[PDB]
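Undergrad: Pasting a structure below so you can have a look.
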Amino acid sequence: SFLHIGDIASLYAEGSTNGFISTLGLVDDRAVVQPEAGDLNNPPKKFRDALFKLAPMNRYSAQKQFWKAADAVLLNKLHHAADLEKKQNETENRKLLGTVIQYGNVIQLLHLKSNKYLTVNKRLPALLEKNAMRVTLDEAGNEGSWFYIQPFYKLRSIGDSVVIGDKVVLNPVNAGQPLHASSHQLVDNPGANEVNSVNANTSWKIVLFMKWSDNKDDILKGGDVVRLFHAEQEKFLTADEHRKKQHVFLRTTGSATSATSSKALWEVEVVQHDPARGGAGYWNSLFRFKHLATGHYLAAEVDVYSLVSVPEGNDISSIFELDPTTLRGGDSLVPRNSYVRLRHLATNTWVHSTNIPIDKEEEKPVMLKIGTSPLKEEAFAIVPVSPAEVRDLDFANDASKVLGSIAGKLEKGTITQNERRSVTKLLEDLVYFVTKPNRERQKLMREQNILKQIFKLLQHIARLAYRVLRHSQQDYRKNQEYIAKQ
C-alpha cells in the first residue's frame, strides 16, 4: 500500500512527543500537536482538523515576482504571469493524481480544513522554541511549502516508494531543518505543543485517511458534510439544545435545497476497522453521523425507540445502514444526492417521522420527534454541503471565539500588543470576508454570533468594528432589524 499524490492522510508525530499535527482553527495560523488529544488507536474527536492532502511541488517563481512587486503596467504583466502559473499548477498537479510518491520527492501538505499549506519560514524564528524556524499555514504557500519526504529508518531508501504507515522525515528544501514537534507547550492552549523547524529526531507516520481513488466528487465518503432532508415531511433533520439538553428533531417551517442553520449539518463517517480511516461509502457500508455544531453523534435509544444525540461515537447504538430506494446495474458505491432510508443497526429498526412535538408547553412547536419502527412499511435526501460552505462556517465560528475571548480580556482592563494586532487584522479579514456584498455570508455574521460579539467588544478597533456592521446589513433588512435591537 503506497502513498499517492492526492491521498488524504494524517501525520502522527512519534518519539518524545506523540500526537497528530492539527491546527488551532481558521483565524490562528499555527500548527500544533496535542499529545493527550488522541493516539493511533483512539484518534482525536476533532479528527477532520488532522487531515492533510499530499500534493506535488507548486511553481512559485512567477508569484514570488508579483508579491515582491507589491510602473503600473508592470503589475499587469506580472499578475498575468502569476495567474498563468497558478493555472499551470492546477493543470500539471492534476496529471499527478495517483502517482506514487518516492523517497526524495518534493511534496506539499495541504491542510484540508483551512485549505492552507504547511509552510516553514527560513527568515522567522519559531514563537516558542529557542533556535527553531517558524511554521505557519499559508493559503497560496510558497517555496517554504516544499518538503523533501525522507526515510526515518534505514529500512527504506531514496528512490523507494513510500509505504502507508512509514515513519518519515519532512525536510524543507530551503530552511533545511526538518519539521519538528516540540516539548514546548502553548500557554493560550495548554493541550497543544509547538510544531516548528529545527535539527531534531521527530518522526512522522503517514496514516492514510483516504486513497485518492476514493476522493471523487460524485460519491458519498468519509468526511462529507451533508444535510439530511426528510422527503415527504420536507424538513431537515437538525439537532439543538432545548431545556438544557440536546435533541434530535425535524424543524417545522412556515424546500429540498433551501438554506438552513449549522444545526442541521452532519459529518458522515463510514465505519472502518481502523479508527483513523474513513473512505468511500458503499451500499453495504456502515455509517455514523456526527453532528457538526456539537460533535455529538446521532443514535437511537429507548423512550419504542427515538432518535437522540449521544456525546460519543464509539458505541454500536450510533451505527446506521443505508438502504437505497431504487436499484442500478453498476457498482456498489453510494452516489451523492442519494435518496435513502435509515436502518438502525443495533435495533433492526427504520427511521420514521412523527407528529409528536418535543416543546410541549411552548405554543407553536418547531421540534418534531423522529423515532424508529420495527415495521418495514421513509426516505431522506443526503444533500451535499460544499467544503467552501463549511470553511465559511468554521471561519465565522473561530472569528466568533476570538472576539469573545478578547471582549473578556478587554472588560478586565488593558489589551496586550501581540493581542491588539490579532483583534484588528480579524476585522480587516471580516470586511474582506463579508464581501454588491454577499447574502449567505451576511447571515453567518449574525447566526454564528460575530455581530453579538462585536457589540460585546465595544465595551482604531472601533472604526473597523462599525465598518463590519455597515457591510453586514447592506441591502439585508433582517440584519438591519437585528443590529438595531441591542
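If you're wondering about the labels, chains in the C-alpha cells are A, B, ... by order shown, residues count from 1 in each chain, ligands from 1 in order shown.
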Identify, on the basis of only C-alpha atoms, every residue whose closest approach to residue 123 of chain A does not exceed 9 Å; exclude the query and any residue fewer than 2 positions from it along the same chain; express the result as a list in words.
TA: residues 121, 125, 133, 134 and 175 of chain A
Undergrad: Write a file of the just-selected residues containing C-alpha atoms, as an mmCIF file, in the first residue's frame.
TA:
```cif
data_model
loop_
_atom_site.group_PDB
_atom_site.id
_atom_site.type_symbol
_atom_site.label_atom_id
_atom_site.label_comp_id
_atom_site.auth_asym_id
_atom_site.auth_seq_id
_atom_site.Cartn_x
_atom_site.Cartn_y
_atom_site.Cartn_z
ATOM 1 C CA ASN A 121 9.794 30.388 7.070
ATOM 2 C CA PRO A 125 12.098 32.335 14.415
ATOM 3 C CA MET A 133 12.352 28.454 12.438
ATOM 4 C CA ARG A 134 8.650 29.332 12.223
ATOM 5 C CA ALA A 175 15.301 26.156 5.642
#
```
Undergrad: Wanna dump the segment 336-444 of chain A-segment 101-118 of chain A contacts at 12 Å for me, each residue with its shortest atom pair and the distance in Å to one decimal, counting only C-alpha atoms, ordered by chain and number, as a tab-separated table?
TA:
```
residue	atom	partner	partner_atom	distance
A:386	CA	A:113	CA	11.9
A:387	CA	A:113	CA	8.2
A:388	CA	A:115	CA	9.3
A:389	CA	A:113	CA	11.4
A:390	CA	A:113	CA	8.6
A:391	CA	A:114	CA	6.7
A:392	CA	A:114	CA	9.7
A:393	CA	A:113	CA	11.2
A:394	CA	A:114	CA	8.6
A:395	CA	A:114	CA	8.6
A:398	CA	A:114	CA	11.4
```
Undergrad: Would you output that residue set with N, CA and C atoms, as an mmCIF file, in the first residue's frame?
TA:
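In the end it all went to selection.cif:
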```cif
data_model
loop_
_atom_site.group_PDB
_atom_site.id
_atom_site.type_symbol
_atom_site.label_atom_id
_atom_site.label_comp_id
_atom_site.auth_asym_id
_atom_site.auth_seq_id
_atom_site.Cartn_x
_atom_site.Cartn_y
_atom_site.Cartn_z
ATOM 1 N N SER A 386 -20.912 21.920 0.397
ATOM 2 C CA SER A 386 -19.552 22.156 -0.125
ATOM 3 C C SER A 386 -18.500 22.530 0.931
ATOM 4 N N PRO A 387 -17.257 22.062 0.735
ATOM 5 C CA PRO A 387 -16.111 22.458 1.567
ATOM 6 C C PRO A 387 -15.957 23.972 1.805
ATOM 7 N N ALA A 388 -16.245 24.795 0.798
ATOM 8 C CA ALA A 388 -16.188 26.253 0.938
ATOM 9 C C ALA A 388 -17.198 26.724 1.969
ATOM 10 N N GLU A 389 -18.414 26.192 1.834
ATOM 11 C CA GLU A 389 -19.542 26.468 2.723
ATOM 12 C C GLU A 389 -19.216 26.083 4.168
ATOM 13 N N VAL A 390 -18.532 24.956 4.345
ATOM 14 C CA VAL A 390 -18.099 24.514 5.669
ATOM 15 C C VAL A 390 -16.971 25.403 6.203
ATOM 16 N N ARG A 391 -16.016 25.773 5.342
ATOM 17 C CA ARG A 391 -14.929 26.692 5.730
ATOM 18 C C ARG A 391 -15.489 28.012 6.193
ATOM 19 N N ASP A 392 -16.394 28.563 5.395
ATOM 20 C CA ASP A 392 -17.116 29.756 5.759
ATOM 21 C C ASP A 392 -17.673 29.671 7.176
ATOM 22 N N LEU A 393 -18.383 28.583 7.483
ATOM 23 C CA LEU A 393 -18.911 28.348 8.826
ATOM 24 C C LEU A 393 -17.807 28.260 9.878
ATOM 25 N N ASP A 394 -16.725 27.545 9.571
ATOM 26 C CA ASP A 394 -15.620 27.380 10.524
ATOM 27 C C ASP A 394 -14.913 28.717 10.797
ATOM 28 N N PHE A 395 -14.778 29.536 9.760
ATOM 29 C CA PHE A 395 -14.151 30.830 9.907
ATOM 30 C C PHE A 395 -15.009 31.708 10.792
ATOM 31 N N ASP A 398 -14.715 30.577 14.405
ATOM 32 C CA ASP A 398 -13.443 30.923 15.003
ATOM 33 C C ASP A 398 -13.316 32.418 15.230
#
```
Undergrad: Among the residues of segment 190-238 of chain A, find those DSSP assigns to strand (DSSP E or B) from the backbone and print them as a VMD selection string.
TA: chain A and resid 193 to 197 203 to 210 219 221 225 to 230 235 to 238
Undergrad: Kindly provide the residues of segment 184-260 of chain A that approach segment 53-72 of chain A to within 12 Å, each paired with its closest atom pair and their distance in Å to one decimal, based on only C-alpha atoms, listed by chain and increasing number, as JSON lines.
TA:
```
{"residue": "A:206", "atom": "CA", "partner": "A:54", "partner_atom": "CA", "distance": 10.2}
{"residue": "A:207", "atom": "CA", "partner": "A:53", "partner_atom": "CA", "distance": 11.3}
{"residue": "A:208", "atom": "CA", "partner": "A:53", "partner_atom": "CA", "distance": 9.9}
{"residue": "A:209", "atom": "CA", "partner": "A:53", "partner_atom": "CA", "distance": 9.5}
{"residue": "A:210", "atom": "CA", "partner": "A:53", "partner_atom": "CA", "distance": 9.3}
{"residue": "A:211", "atom": "CA", "partner": "A:53", "partner_atom": "CA", "distance": 10.0}
{"residue": "A:212", "atom": "CA", "partner": "A:53", "partner_atom": "CA", "distance": 9.1}
{"residue": "A:215", "atom": "CA", "partner": "A:53", "partner_atom": "CA", "distance": 10.5}
```
Undergrad: Could you dump the residues just selected with N, CA, C and O atoms as a PDB file, in the first residue's frame?
TA:
```
ATOM      1  N   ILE A 206       2.913   8.477   8.294  1.00  0.00           N
ATOM      2  CA  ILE A 206       1.824   8.709   7.348  1.00  0.00           C
ATOM      3  C   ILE A 206       0.677   7.728   7.631  1.00  0.00           C
ATOM      4  O   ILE A 206       0.845   6.514   7.533  1.00  0.00           O
ATOM      5  N   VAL A 207      -0.479   8.275   8.002  1.00  0.00           N
ATOM      6  CA  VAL A 207      -1.646   7.484   8.356  1.00  0.00           C
ATOM      7  C   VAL A 207      -2.763   7.802   7.367  1.00  0.00           C
ATOM      8  O   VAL A 207      -3.441   8.828   7.471  1.00  0.00           O
ATOM      9  N   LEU A 208      -2.939   6.896   6.413  1.00  0.00           N
ATOM     10  CA  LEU A 208      -3.899   7.048   5.327  1.00  0.00           C
ATOM     11  C   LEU A 208      -5.341   7.190   5.838  1.00  0.00           C
ATOM     12  O   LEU A 208      -5.845   6.313   6.537  1.00  0.00           O
ATOM     13  N   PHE A 209      -5.972   8.317   5.503  1.00  0.00           N
ATOM     14  CA  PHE A 209      -7.396   8.522   5.725  1.00  0.00           C
ATOM     15  C   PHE A 209      -7.972   7.891   4.466  1.00  0.00           C
ATOM     16  O   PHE A 209      -8.559   6.816   4.514  1.00  0.00           O
ATOM     17  N   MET A 210      -7.791   8.549   3.326  1.00  0.00           N
ATOM     18  CA  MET A 210      -8.479   8.155   2.101  1.00  0.00           C
ATOM     19  C   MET A 210      -7.544   8.138   0.901  1.00  0.00           C
ATOM     20  O   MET A 210      -6.761   9.072   0.708  1.00  0.00           O
ATOM     21  N   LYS A 211      -7.627   7.064   0.118  1.00  0.00           N
ATOM     22  CA  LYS A 211      -6.942   6.954  -1.160  1.00  0.00           C
ATOM     23  C   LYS A 211      -7.517   7.954  -2.126  1.00  0.00           C
ATOM     24  O   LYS A 211      -8.735   8.104  -2.216  1.00  0.00           O
ATOM     25  N   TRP A 212      -6.630   8.619  -2.861  1.00  0.00           N
ATOM     26  CA  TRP A 212      -7.000   9.462  -3.994  1.00  0.00           C
ATOM     27  C   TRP A 212      -8.157   8.881  -4.808  1.00  0.00           C
ATOM     28  O   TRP A 212      -9.086   9.602  -5.162  1.00  0.00           O
ATOM     29  N   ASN A 215     -11.530   9.675  -3.343  1.00  0.00           N
ATOM     30  CA  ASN A 215     -11.842  11.099  -3.189  1.00  0.00           C
ATOM     31  C   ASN A 215     -12.476  11.723  -4.449  1.00  0.00           C
ATOM     32  O   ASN A 215     -11.974  12.709  -5.003  1.00  0.00           O
TER      33      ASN A 215
END
```
Undergrad: Set the distance at 7 Å and use only C-alpha atoms: which residues neighbour segment 237-242 of chain A once local chain neighbours fewer than 5 positions away are removed? I'd like the list as a ChimeraX atom specification.
TA: /A:228-229,247-251,263-264
Undergrad: What is the atom CA of residue 365 of chain A-atom CA of residue 384 of chain A distance in Å, reported with one decimal?
TA: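 So the answer is 27.7 Å.
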Undergrad: Which one is closest to residue 344 of chain A: A:325, A:306, A:1, A:260? Count only C-alpha atoms.
TA: A:306
Undergrad: Between A:222, A:199, A:119, A:319, which residue has the minimum interatomic distance to residue 276 of chain A, considering only C-alpha atoms?
TA: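 Using only C-alpha atoms, the shortest distance to residue 276 of chain A belongs to A:222.
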Undergrad: Please return as a PDB file with C-alpha atoms, in the first residue's frame: the residues of segment 211-443 of chain A that backbone DSSP assigns to alpha helix (DSSP H).
TA:
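The resulting file, out_17.pdb, is reproduced below:
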```
ATOM      1  CA  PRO A 387     -16.111  22.458   1.567  1.00  0.00           C
ATOM      2  CA  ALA A 388     -16.188  26.253   0.938  1.00  0.00           C
ATOM      3  CA  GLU A 389     -19.542  26.468   2.723  1.00  0.00           C
ATOM      4  CA  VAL A 390     -18.099  24.514   5.669  1.00  0.00           C
ATOM      5  CA  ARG A 391     -14.929  26.692   5.730  1.00  0.00           C
ATOM      6  CA  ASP A 392     -17.116  29.756   5.759  1.00  0.00           C
ATOM      7  CA  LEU A 393     -18.911  28.348   8.826  1.00  0.00           C
ATOM      8  CA  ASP A 394     -15.620  27.380  10.524  1.00  0.00           C
ATOM      9  CA  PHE A 395     -14.151  30.830   9.907  1.00  0.00           C
ATOM     10  CA  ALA A 396     -17.239  32.548  11.255  1.00  0.00           C
ATOM     11  CA  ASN A 397     -17.126  30.276  14.322  1.00  0.00           C
ATOM     12  CA  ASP A 398     -13.443  30.923  15.003  1.00  0.00           C
ATOM     13  CA  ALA A 399     -13.768  34.643  14.389  1.00  0.00           C
ATOM     14  CA  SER A 400     -16.583  34.465  16.962  1.00  0.00           C
ATOM     15  CA  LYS A 401     -14.320  32.851  19.582  1.00  0.00           C
ATOM     16  CA  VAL A 402     -11.540  35.454  19.199  1.00  0.00           C
ATOM     17  CA  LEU A 403     -13.842  38.457  19.703  1.00  0.00           C
ATOM     18  CA  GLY A 404     -15.480  36.577  22.604  1.00  0.00           C
ATOM     19  CA  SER A 405     -12.107  35.936  24.242  1.00  0.00           C
ATOM     20  CA  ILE A 406     -10.866  39.486  23.607  1.00  0.00           C
ATOM     21  CA  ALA A 407     -14.083  41.135  24.884  1.00  0.00           C
ATOM     22  CA  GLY A 408     -13.488  39.184  28.122  1.00  0.00           C
ATOM     23  CA  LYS A 409      -9.884  40.387  28.406  1.00  0.00           C
ATOM     24  CA  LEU A 410     -10.971  43.884  27.296  1.00  0.00           C
ATOM     25  CA  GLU A 411     -13.523  44.015  30.132  1.00  0.00           C
ATOM     26  CA  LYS A 412     -10.753  43.070  32.612  1.00  0.00           C
ATOM     27  CA  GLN A 417       0.210  44.376  21.833  1.00  0.00           C
ATOM     28  CA  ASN A 418       0.543  40.945  20.171  1.00  0.00           C
ATOM     29  CA  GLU A 419      -3.157  40.643  21.073  1.00  0.00           C
ATOM     30  CA  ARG A 420      -4.331  44.085  19.884  1.00  0.00           C
ATOM     31  CA  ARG A 421      -2.892  43.267  16.443  1.00  0.00           C
ATOM     32  CA  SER A 422      -4.834  39.977  16.393  1.00  0.00           C
ATOM     33  CA  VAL A 423      -8.175  41.719  17.000  1.00  0.00           C
ATOM     34  CA  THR A 424      -7.557  44.368  14.323  1.00  0.00           C
ATOM     35  CA  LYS A 425      -6.472  42.113  11.448  1.00  0.00           C
ATOM     36  CA  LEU A 426      -9.522  39.895  12.039  1.00  0.00           C
ATOM     37  CA  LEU A 427     -11.797  42.895  11.409  1.00  0.00           C
ATOM     38  CA  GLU A 428      -9.974  43.657   8.138  1.00  0.00           C
ATOM     39  CA  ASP A 429     -10.342  39.974   7.320  1.00  0.00           C
ATOM     40  CA  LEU A 430     -14.040  40.145   8.302  1.00  0.00           C
ATOM     41  CA  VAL A 431     -14.618  43.070   5.921  1.00  0.00           C
ATOM     42  CA  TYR A 432     -12.819  41.068   3.224  1.00  0.00           C
ATOM     43  CA  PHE A 433     -14.978  38.068   4.247  1.00  0.00           C
ATOM     44  CA  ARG A 439     -26.013  37.471   1.283  1.00  0.00           C
ATOM     45  CA  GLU A 440     -25.125  33.974   2.566  1.00  0.00           C
ATOM     46  CA  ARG A 441     -22.139  35.402   4.467  1.00  0.00           C
ATOM     47  CA  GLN A 442     -24.160  38.264   5.981  1.00  0.00           C
ATOM     48  CA  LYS A 443     -26.297  35.531   7.577  1.00  0.00           C
TER      49      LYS A 443
END
```
Undergrad: Just want the 12 Å neighbourhood of residue 376 of chain A, counted on only C-alpha atoms, with same-chain residues fewer than 4 positions away dropped. Output as a list in words.
TA: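 In the requested format, the answer is residues 323, 341, 342, 343, 348, 349, 350, 351, 352 and 372 of chain A.
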Undergrad: For residue 34 of chain A, find every residue with an atom within 9 Å (counting only C-alpha atoms), except residues of its own chain fewer than 6 positions away, and show them as a list in words.
TA: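 Listed by chain and then number, they are residues 17, 18, 19, 20, 21, 22, 44, 190, 191, 192 and 193 of chain A.
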Undergrad: Would you put the residues from that selection into a file with C-alpha atoms, as a short mmCIF file (atom, residue, chain, number, x, y, z; two decimals), in the first residue's frame?
TA:
```
data_model
loop_
_atom_site.label_atom_id
_atom_site.label_comp_id
_atom_site.auth_asym_id
_atom_site.auth_seq_id
_atom_site.Cartn_x
_atom_site.Cartn_y
_atom_site.Cartn_z
CA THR A 17 6.22 13.99 21.76
CA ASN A 18 3.44 11.77 20.36
CA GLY A 19 0.38 13.16 18.53
CA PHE A 20 -1.20 14.24 15.24
CA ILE A 21 -0.43 17.64 13.73
CA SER A 22 -3.58 19.68 13.87
CA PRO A 44 -8.86 12.90 18.40
CA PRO A 190 -2.39 24.15 27.25
CA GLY A 191 -3.31 21.00 25.31
CA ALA A 192 -1.07 21.94 22.36
CA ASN A 193 2.68 21.73 21.63
#
```
Undergrad: Please determine, counting only C-alpha atoms, which residue among A:333, A:128, A:345, A:82 has the shortest atom-to-atom distance to residue 316 of chain A.
TA: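 Checking each candidate against residue 316 of chain A, we get A:345 as the closest.
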Undergrad: Got a sec: who's within 12 Å of residue 385 of chain A, counting only C-alpha atoms, leaving out chain neighbours fewer than 6 positions off, as a VMD selection string?
TA: chain A and resid 217 220 223 to 228 257 to 260 262 264 to 268 292 336 to 337 391 to 393
Undergrad: With only C-alpha atoms as the basis for distance, which of A:143, A:378, A:49, A:39 is at the shortest distance from residue 354 of chain A?
TA: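 Nearest candidate to residue 354 of chain A out of A:143, A:378, A:49, A:39: A:378.
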Undergrad: Go ahead and compute the interatomic distance for atom CA of residue 135 of chain A and atom CA of residue 201 of chain A, in Å to one decimal.
TA: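 One can read the atom CA of residue 135 of chain A to atom CA of residue 201 of chain A distance as 16.9 Å.
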Undergrad: Find, counting only C-alpha atoms, the residue in A:270, A:32, A:168, A:280 that gets nearest to residue 213 of chain A.
TA: A:280
Undergrad: List the spatial neighbours of residue 305 of chain A as a count of residues only - criterion: any atom at most 8 Å away, only C-alpha atoms, same-chain residues fewer than 5 positions off excluded.
TA: 4
